[PDB]
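**Student:** Can you look at this? It's an experimental structure, sequence on top.
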Amino acid sequence: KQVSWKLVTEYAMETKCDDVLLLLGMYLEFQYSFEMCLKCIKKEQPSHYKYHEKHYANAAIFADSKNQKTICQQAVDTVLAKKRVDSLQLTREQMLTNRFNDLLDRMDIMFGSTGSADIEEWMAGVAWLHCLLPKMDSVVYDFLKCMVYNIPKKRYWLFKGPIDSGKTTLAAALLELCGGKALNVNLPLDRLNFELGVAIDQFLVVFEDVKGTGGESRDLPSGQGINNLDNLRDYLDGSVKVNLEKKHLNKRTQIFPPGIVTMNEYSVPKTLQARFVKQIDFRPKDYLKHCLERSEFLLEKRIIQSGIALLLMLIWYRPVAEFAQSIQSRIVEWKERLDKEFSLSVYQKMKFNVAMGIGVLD
Amino acid sequence: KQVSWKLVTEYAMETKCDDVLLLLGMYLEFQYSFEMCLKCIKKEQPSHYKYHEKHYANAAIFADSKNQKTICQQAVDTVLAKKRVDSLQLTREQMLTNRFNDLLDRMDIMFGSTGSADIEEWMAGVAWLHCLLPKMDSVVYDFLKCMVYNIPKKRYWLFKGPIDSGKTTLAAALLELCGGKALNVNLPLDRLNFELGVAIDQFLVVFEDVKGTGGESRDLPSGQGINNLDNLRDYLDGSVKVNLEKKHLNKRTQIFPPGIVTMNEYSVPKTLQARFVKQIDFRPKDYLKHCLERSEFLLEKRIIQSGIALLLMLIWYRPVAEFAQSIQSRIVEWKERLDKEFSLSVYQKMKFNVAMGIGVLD
Amino acid sequence: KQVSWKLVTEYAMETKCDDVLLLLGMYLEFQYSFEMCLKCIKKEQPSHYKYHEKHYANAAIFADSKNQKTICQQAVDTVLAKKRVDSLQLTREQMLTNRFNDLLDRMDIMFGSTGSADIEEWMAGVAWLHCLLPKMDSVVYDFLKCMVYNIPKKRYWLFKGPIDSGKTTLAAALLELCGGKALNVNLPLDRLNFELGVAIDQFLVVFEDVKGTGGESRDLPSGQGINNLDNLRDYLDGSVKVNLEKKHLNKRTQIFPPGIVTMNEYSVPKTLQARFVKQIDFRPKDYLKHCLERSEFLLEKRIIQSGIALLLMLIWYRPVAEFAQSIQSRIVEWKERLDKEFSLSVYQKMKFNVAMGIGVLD
Amino acid sequence: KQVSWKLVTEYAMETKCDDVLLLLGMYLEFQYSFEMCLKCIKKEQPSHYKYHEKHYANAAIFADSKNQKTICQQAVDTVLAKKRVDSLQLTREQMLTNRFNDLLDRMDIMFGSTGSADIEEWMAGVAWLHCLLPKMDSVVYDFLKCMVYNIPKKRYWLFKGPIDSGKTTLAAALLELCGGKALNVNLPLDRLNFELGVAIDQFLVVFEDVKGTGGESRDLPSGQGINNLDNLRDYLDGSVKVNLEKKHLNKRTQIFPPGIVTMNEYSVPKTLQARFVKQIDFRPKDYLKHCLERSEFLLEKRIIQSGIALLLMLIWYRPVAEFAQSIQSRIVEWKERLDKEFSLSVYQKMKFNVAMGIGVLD
Amino acid sequence: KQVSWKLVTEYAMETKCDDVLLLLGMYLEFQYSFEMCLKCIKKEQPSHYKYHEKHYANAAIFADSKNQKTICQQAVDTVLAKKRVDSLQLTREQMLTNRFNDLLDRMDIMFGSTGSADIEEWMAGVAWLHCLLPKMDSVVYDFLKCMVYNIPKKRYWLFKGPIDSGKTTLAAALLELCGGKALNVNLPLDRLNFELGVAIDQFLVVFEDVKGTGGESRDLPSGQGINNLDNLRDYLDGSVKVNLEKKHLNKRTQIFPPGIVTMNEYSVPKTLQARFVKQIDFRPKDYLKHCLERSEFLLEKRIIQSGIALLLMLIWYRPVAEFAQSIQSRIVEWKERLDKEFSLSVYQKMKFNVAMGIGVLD
DNA sequence: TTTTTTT
Ligand SMILES: Nc1ncnc2c1ncn2[C@@H]1O[C@H](COP(=O)(O)OP(=O)(O)NP(=O)(O)O)[C@@H](O)[C@H]1O
Ligand SMILES: Nc1ncnc2c1ncn2[C@@H]1O[C@H](COP(=O)(O)OP(=O)(O)NP(=O)(O)O)[C@@H](O)[C@H]1O
Ligand SMILES: Nc1ncnc2c1ncn2[C@@H]1O[C@H](COP(=O)(O)OP(=O)(O)NP(=O)(O)O)[C@@H](O)[C@H]1O
Ligand SMILES: Nc1ncnc2c1ncn2[C@@H]1O[C@H](COP(=O)(O)OP(=O)(O)NP(=O)(O)O)[C@@H](O)[C@H]1O
Ligand SMILES: Nc1ncnc2c1ncn2[C@@H]1O[C@H](COP(=O)(O)OP(=O)(O)NP(=O)(O)O)[C@@H](O)[C@H]1O
Ligand SMILES: [Mg+2]
Ligand SMILES: [Mg+2]
Ligand SMILES: [Mg+2]
């Protein structure tokens, strides 16, 4: 009897496998009998115990196949084709909604019955983040809106502030919440032609640790980053398409992704300042300094600086009507799971402890 | 009347063979008659004598085949696929435990009565390795826990020290103990793309003797290694997935493995220093040199650079409760086997022989 | 009827042929009728006249075949597979023993009545070579021991000296005796990876005529060779496995071969000096030049470069107990044959002729 | 009916096509009718008029084939395979004898009544060539001996001298006589790999016109040639096998061809000077210049550059005993042709015309 | 029914189509009905309307084919194979005859009843171009004979100096007349390798506006071109085959084309100028500027750059016996046509109007 | 596709 290549493609699509060897290995595990399958009995991984019954008959015949890598290549090209169609055709709200749905899938297993995530440390992460900046959750919601709207000139945000003030901390978290990448624009004028190519097909970008020409009289190191950005005018504005180039690849023309500029207390050109819609002064405060050394429970299990923590902050603080109509259904379920586990008095006391510069107690 | 591709894949899985030519060669040895087979009678290699009788029928048909390399390729891809599956599904504790089980099986063969290793020579290696760094067994244990608790930014260790100070010796031993690959990054960056691809699904990587800039006043030649690593910060920091590539095969998107950077007294950039959680300064010690001169079996048999010598050290020094519960049973068996072969007084006499620079085993 | 692919593999395996065009060319000579084959009647090449009668039937069908190169590719891959199986499963002493057996077979053909060699001229080569270095036969024996034991870091020998001092001569002789490849590291670093890939599954490598900097006062031109070798420290160490690369094949991980570096009075970094266990300083001897001018048959027949000359030297000078058990029975036959042919007086006449700078056979 | 791949291979072997498109084009010309064929009637090209009648049937079927390039690839691979077997299995003296026989076949066609040439003009070439260097026939005979004997390190010759001194002229004539190819080593060092790959399986190479870095005070432009050539010291030696490389094929290991270096009066390093056995100082002569202006048929017909002029010179000047036994028969009938058509008084008149700086035919 | 691969090859041969996608596109236009075909009604492109009726039956079956690119590949390879055979076997005089035949075919369509070109405007082009140099008829015929006879080291011409004096104009016309390509040697020396691969199988090259280091006092920009040409002086002379090279293709061995160099007055090195045998230079005429100004169609229709204009010039002012015999029957037809519908009174009136700087046609 | 070309 014949292998169904369509069934293999269904498994690849349902699990979003873009790797031919991962697909081959996982599918070969289904060749063993379901009735006695230890992995289905003890339910380690969802990509197995959901699918083994449906695919067992096909996987037996697949294990006898002489074509196995060809079958998987076609299935992986089907998944790559769906990604490519979605990239060109989705509206930018739907792209972010797909990212949030994927993060909620990670939530549902990360905080699963097998969940190594306790709600408690993740909610302490949320309270740390919500204490970092005045009216923080509006700042995150405003960031997502301007990044989704992608409106010309009114795109890039300037994070200006002292060292050890948390600016890389939040920028690195927003890359995980949205998808995106960071660029090192400090280079001489020639090499940044290739560095800018890192933005190709990204949803979002950040310019990290931009050095300026001035500030040596304040013991800031001089560097050409800011003077470069004043020349990258059209990439910021996003009014016209720019041609972007990569290591031994030919140029792509697209609108440059929106982003964030993270900068110390450097002086800026008036032209560059006029091209940032929002300036946020990050400034350090000592009770957060003291809280951190008191609170390694934020830094273990990667909870700080992770975008899944910022999503949890949005679920806790925003009204449900602000999320997309398709994800509103899943977000109310995560609302009530937070409501049950973290009563408002427990959260308030935890945030009060953060205001007192101390970790979780009681 | 036709080749079972399934039996060949089964042999490759049982042998854990990642190389197409190795599989082709070994499987072709089975084409000759089992009854007259000198290798089965002489019992040279287990990969032959355990399997010849079972595979003889299939190997005779395989020797006539017109497809041989294609059959081997599918088998080898099955073994690489199981490695991908295990790398994505298993916890790092289980990965290290599987490696210890493989090493302990190899110890049972090697110290068995059918074996060839005198355990006295291997315990002399333990004595010599415990002299190399203070509290070596806690240092090995700390390294193991660091590679298991893969905490971002806190993933990499730096070994520093002059010529013949023991850096490569301990890195090679930890590498065998944990499993991993050595990478040379002294080559230029565009050619490192396929070098870095060797880290696919490995537990450790070691960056062997990376060359810095400067140091010519210390008679150290310059090279690109440090500058290349400083261009790879997300691979060291491990905050986000990177794309690793192999020829004529699709890329792998994974977090790059943790491990060891080794170097000879070069100056290290502050940005790179921020990513090495512990630095060990090796010193040349003349008593170890004099001991090795008089105990050349340690270097001829490669005992002091072997992971089996470090695994014997962990069995000797560490509690049972520090090992994973699956493997505790055969570890306590190995402890009583060590207590059988050695008094503590023999081991203290060995370590005194080392410290005095006289021959160990005297 | 149809072509036997197995017989083509059997010919390839018997001739140890790993070039696909060489196999194709030789097997096509068997097309023509065995009864009248001029090469069989003249007995030019053993690879032809031994095999034509057996393969004539298969070669006639092979000449009509439409996929000839595909047959030869499978045959060549079988030869490479056995070579890789031998490389992992044999001890280095067995590998040297197998190599000497192959050399002794070639000597039996050279010095038999069918052979074109004169054993007096080859023993004149042994006389000339024994004059090159002090205790030459022990230097060869110590080298063989070094290559068999393959001790970490104690693996490479450095041959140093001026122009026409004999470095390349001895290196070529040891390369034929042990088997191995010569590599040029003077070419630029970014293409050097494919040159290093020639080392795969080889017993020795010889880095020939490496250039340094800082000889220009001596009138030695500058070059990158020594800088490249200092980037390849972990390859020369042989503690860890290194990733070796052929075109269109994925990397193989193996311990890099031991061997020889030949160099002309350049300065060596102390880091690189730590990888060499012995340095041999070759000094030009005018009596050897005057001897060669008068005995040009040594250069024309390439006797003093040959491994067969060093094998004769070992048979003349070394005890039988220094050879491996399997070859001692052939070595005693060869010792008797040499003692029959050469009195010590004839040899001491030759060695005195060399020292006088006379024609060695005079 | 089926196309015979054997007949295509036979045509390629008899024509010695190592070009797939040349074979395809040539063989497709046989698809048209033999009786009407204008190319056969005119007898333009021997590769057509000898073979069309025999191959007509097969070429008609081949024109209907869907496999045409695959058929020609096998034929071309068979011609290359024979060439590689002959490289590894012939003596260099047989290789030269074969080349002379091929040039004598050309001479039979050139100076036969079908041919365009006539011997008087080519014998004037011999007279002009004999005037260029003293004892030119011994020089050419010594060169042939040097290239046949291929003595290690005593196997490259240097042609040195001013602009327009005859260096490239004589090198080209020797290159056509012996076969082999010219290499341009003035390129940058990283491209050089593929240039040197042209030498694979060749009998000679000529390093044309290498530039040095001195002598700009002599108005000689500087360049990298001599420095590149000093990196290739082990290639010029010919003691070891070097690893040659052509695009998209992995490396081939062989002894580099012997050859000629042509050079203006740049300073040469002692390391590279040691690898030349003989230096020929060309000096320009005004009577030769005046002669060529008046006898320009020598340049138009390229008689001055041709290997056939040097072969005619050897036939006129050397004993029949100096030729290989197989070719001595054709040499005596060629000597008889020359004696019959040229009196020594005509040839001495020609030599006297050249010395008088007047047109050779007057 | 099956596709005739033979008919696709016929079409490609008759179209001289050496591009696979062009062939595929052209042939897929033939699948639609011949009787309704708008392109055959409008008669836009000759490669369509001449061939569609013949090929319709085969093109409909070809549209249903699953092999379509494989069919076109075989066809294109046949066209390239004929070009290879022609390059090796044709005399240069036959090559130039073929080029003239193809240009006369264009002239028949271009001045046909369907032709979009008024022959008067092109004859006015003959009037302008006849004035550009003293007796242009002689220089062009001398150039053509020089390019046919191809005498080694005596086969390049230089145009130097004045701007707006016609150097590139006449070079472009000679280049279309003969066939061949322009080269820009000022590229980086690494790129110069690929630059020269444009000359592969070309009949001419023009080195265009090549630049040197000096001449600053004449306001000439510096450049590396002449320094690169000196590395190629052995390519220019054509005494020997050179290993020309292009991206991703193995080197090809051939004699470099003859050509023209256009240049500004840099000081050309002796080692390079010794490989050139003409300099011919231009002087701007004020009345010609006025004639172009008053007869702009000479530039707008690209008349004076074109090879058809020089062929018309040669058809007028050289005798029929100076062309190759095969084409003389077509040249008498064009002589009659031009002497019919134009008169020497009209031509001398045009060259008069040109001498007056007024509009040519009146 | 990788290698080569690009960096
Ligand atoms: N109020 C604070 N006081 C001190 N440290 C803080 C404070 N808030 C955050 N941090 C910590 O500062 C560390 C560095 O965060 P980061 O976002 O890199 O700061 P930054 O301002 O971008 N520093 P720099 O990258 O040097 O410009 C993180 O561990 C934060 O948790
Ligand atoms: N601390 C030590 N003191 C003395 N000898 C030692 C020590 N460690 C190692 N050795 C010897 O030195 C050899 C090389 O040690 P190795 O680990 O390669 O040194 P390393 O520090 O990596 N030197 P390098 O890589 O050249 O910077 C070992 O094989 C031992 O013979
Ligand atoms: N010790 C010696 N004294 C004199 N002549 C020698 C000596 N050894 C070799 N020769 C001659 O020199 C030739 C080349 O020897 P070779 O081994 O290439 O020397 P080398 O020291 O490697 N020279 P180089 O390669 O230029 O650095 C041999 O073929 C002999 O003719
Ligand atoms: N010795 C000579 N004296 C005078 N004219 C000569 C001599 N040899 C050659 N010629 C002429 O000079 C031309 C160039 O000779 P050729 O051998 O190419 O020069 P070359 O010495 O190699 N110069 P170069 O190419 O710069 O290395 C030939 O075509 C002859 O016309
Ligand atoms: N003899 C001439 N009298 C008047 N105009 C001329 C003449 N020759 C050329 N021109 C015009 O000059 C312009 C440029 O000619 P062109 O041949 O491209 O210049 P060029 O000499 O190659 N200059 P350059 O490209 O710098 O080498 C065109 O408009 C021509 O029509
Ligand atoms: Mg920061
Ligand atoms: Mg020359
Ligand atoms: Mg111009």
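**Tutor:** Done, it's in. Numbers count the residues shown, from 1 in each chain, chains lettered A, B, ... in the order given. Ligands and ions are numbered 1, 2, ... in the order given.
**Student:** which stretch of helix or strand covers the residue sitting nearest the centre point of chain A?
**Tutor:** What sits nearest the mean C-alpha location of chain A, by CA atoms, centre = their mean, is residue A:176, with 1.4 Å. Using DSSP states H and E, residue A:176 maps to helix A:167-178.
**Student:** so how far is that helix from its chain's centroid?
**Tutor:** 7 Å (CA atoms, centre = their mean, to the nearest Å).
**Student:** which outside residues touch that helix?
**Tutor:** By CB atoms under 8 Å, 6 or more residues apart in numbering or on different chains, the residues outside helix A:167-178 that reach it are A:96, A:99, A:103, A:129, A:132-133, A:140, A:143-144, A:147, A:159, A:161, A:180-182, A:203-204, A:206, A:208-209, A:260, A:262, A:282, A:304-311, B:239-240. Where C-beta positions appear, they are placed from N, C-alpha and C, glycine not excepted.
**Student:** now the closest residue to DNA strand F within the stretch 201-350 of chain A: how far from residue B:193?
**Tutor:** For the stretch 201-350 of chain A, the residue closest to DNA strand F is residue A:248, as judged by CB to the nearest atom of the strand, at 3.5 Å. Going from residue A:248 to residue B:193 by CB to CB, to the nearest Å gives 11 Å.
**Student:** Neighbour count: those two, which is higher?
**Tutor:** Regarding residue A:248 and residue B:193, a neighbour count based on other CB atoms under 10 Å in any protein chain shown identifies residue B:193 as having more, with 12 against 6.
**Student:** so what's the backbone phi/psi at the more buried one?
**Tutor:** With angles defined as degrees, to the nearest 10, residue B:193 sits at phi -50, psi -50.
**Student:** near chain B, which residues of chain A show up?
**Tutor:** Within reach of chain B by CB under 8 Å from any CB of the partner chain, chain A has these residues: A:18-22, A:24-26, A:28-29, A:44-45, A:63-64, A:66, A:68-69, A:76, A:172, A:175-176, A:247, A:300, A:302, A:305.
**Student:** now with 7 Å?
**Tutor:** Neighbours of chain B within chain A, by CB under 7 Å from any CB of the partner chain: A:19-22, A:24-26, A:28, A:45, A:63-64, A:66, A:68-69, A:172, A:302.
**Student:** Which single one of these is nearest to residue D:53?
**Tutor:** residue A:66 (47.8 Å; CB to CB).
**Student:** which element is the closest one on?
**Tutor:** Under DSSP H and E, no helix or strand contains residue A:66.
**Student:** what's the spacing between it and residue A:20?
**Tutor:** Taken as CB to CB, the span from residue A:66 to residue A:20 is 17 Å.
**Student:** again, but for residue A:323
**Tutor:** Counting by CB to CB - residue A:323 and residue A:20 are separated by 35 Å.
**Student:** higher neighbour count, the two?
**Tutor:** residue A:20 (23 against 18).
**Student:** show me what contacts the more buried one?
**Tutor:** Residue A:20 makes contact with A:69, A:72, A:73, A:76, B:250, according to CB atoms under 7 Å, 6 or more residues apart in numbering or on different chains.
**Student:** what's the answer for residue A:331, then?
**Tutor:** When contacts are counted by CB under 7 Å, 6+ apart, residue A:331 is found next to A:315, A:320, A:323.
**Student:** make it 8 Å
**Tutor:** By CB under 8 Å, 6+ apart, the residues touching residue A:331 are A:104, A:315, A:320, A:323.
**Student:** now do residue A:2
**Tutor:** Per CB under 8 Å, 6+ apart, neighbours of residue A:2: residue A:61.
**Student:** Which residue would be the closest one in chain A to chain E?
**Tutor:** At 12.2 Å from chain E, residue A:248 is the closest residue in chain A, using CB to the nearest CB.
**Student:** Give me the distance between the two termini of stretch A:144-162.
**Tutor:** End-to-end distance for stretch A:144-162, by CA to CA, to the nearest Å: 25 Å.
**Student:** How far off centre is that stretch?
**Tutor:** A distance of 16 Å separates the centroid of the chain from that of stretch A:144-162, by CA atoms, centre = their mean.
**Student:** same for the strand or helix carrying residue A:11, what does it pack against?
**Tutor:** Assigned by DSSP H and E, residue A:11 belongs to helix A:5-15. Identification of packing neighbours for helix A:5-15 by 3 or more CB pairs under 8 Å, 6 or more residues apart in numbering or on different chains; DSSP states H and E yields helix A:20-29, helix A:52-63, helix A:68-89.
**Student:** okay if I get the ones you listed as a markdown table plus distance to residue A:225?
**Tutor:** Listed next are the helices and strands packed on helix A:5-15 as a markdown table, based on distance: least, CB to CB, whole Å:
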| stretch | distance to residue A:225 |
| --- | --- |
| helix A:20-29 | 39 |
| helix A:52-63 | 53 |
| helix A:68-89 | 30 |
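**Student:** between those helices, which one is nearest to ligand 5?
**Tutor:** helix A:68-89 (45.0 Å; CB to the nearest ligand atom).
**Student:** Nearest to chain B within the stretch 251-362 of chain A, name that residue for me.
**Tutor:** Nearest to chain B, among the residues of the stretch 251-362 of chain A, is residue A:302, at 6.2 Å (CB to the nearest CB).
**Student:** What is the burial count for that residue?
**Tutor:** Using other CB under 10 Å, residue A:302 has 16 neighbouring residues.
**Student:** tell me the contacts of it?
**Tutor:** Contacts of residue A:302 by CB under 8 Å, 6+ apart are B:151, B:152.
**Student:** Repeat that for residue A:111.
**Tutor:** By CB under 8 Å, 6+ apart, residue A:111 lies in contact with A:117, A:119, A:122, A:337.
**Student:** In helices, which of these fall?
**Tutor:** A:119, A:122, A:337 (DSSP state H).
**Student:** Throw the residues you listed into JSON lines and include neighbour count, thanks.
**Tutor:** Output for those, formatted as JSON lines (neighbours: other CB atoms under 10 Å in any protein chain shown):
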{"residue": "A:119", "neighbour count": "16"}
{"residue": "A:122", "neighbour count": "22"}
{"residue": "A:337", "neighbour count": "15"}
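**Student:** tell me which of the contacts of residue A:111 is nearest to residue A:235?
**Tutor:** When the contacts of residue A:111 are ranked by distance to residue A:235 (CB to CB), residue A:122 comes first, at 36.0 Å.
**Student:** so can I have JSON lines of the ones in helices among the contacts of residue A:111 showing distance to ligand 7?
**Tutor:** Shown next, in JSON lines, are these (distance: CB to the ion, whole Å):
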{"residue": "A:119", "distance to ligand 7": "84"}
{"residue": "A:122", "distance to ligand 7": "79"}
{"residue": "A:337", "distance to ligand 7": "86"}
